[PDB]
């Protein structure tokens, strides 16, 4: 039948990993979503005429290492590294998430997409050029997104699925 793509969404607390995922799946913006809930969500989509089942792990809880998390990253086929465009700290943190994923995959060609979320906000502290330059250095696409307006949301996840396809 149809292909499954195991996607993992990573990034600092409060960048809108949950909000991106609920927007994608349910078409609503959640103004407040339990910061602690870490769960996988499944949704069937059409991408370039191919029917695709996405299984999306939305990370949350606490800053702690677990062999369970290593297992989710190990099974994960592709990653969305999410920061918020009004939060330089979340941008500085991208490095750390990407390093942990590489730690477990023990490899360099892992499908990933850099995502600058909350693009609906006027109060930017990370310029597009900076994020572009980072994504160039990582060898991965950059997509600006807004969970609130939906701008870029389908593009982000579809781009990651195409990145997984290009690798497989």
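Residue numbers count along the first chain shown, from 1.
A summary of the deposited B-factors shows that, of 45 to 53 and 116 to 124, the stretch with the larger mean C-alpha value is 45 to 53. Averaged over CA atoms, B-factors in the entry run higher in 25 to 33 than in the other of 25 to 33 and 127 to 135. As recorded in the PDB entry, 109 shows the highest C-alpha B-factor of the residues 58, 99, 109, 70. Per-chain ranking of the deposited C-alpha B factor places residue 95 in the lowest third. Per the deposited record, the Cα B-factor of residue 2 falls in the highest third when ranked against the other modelled residues of its chain.
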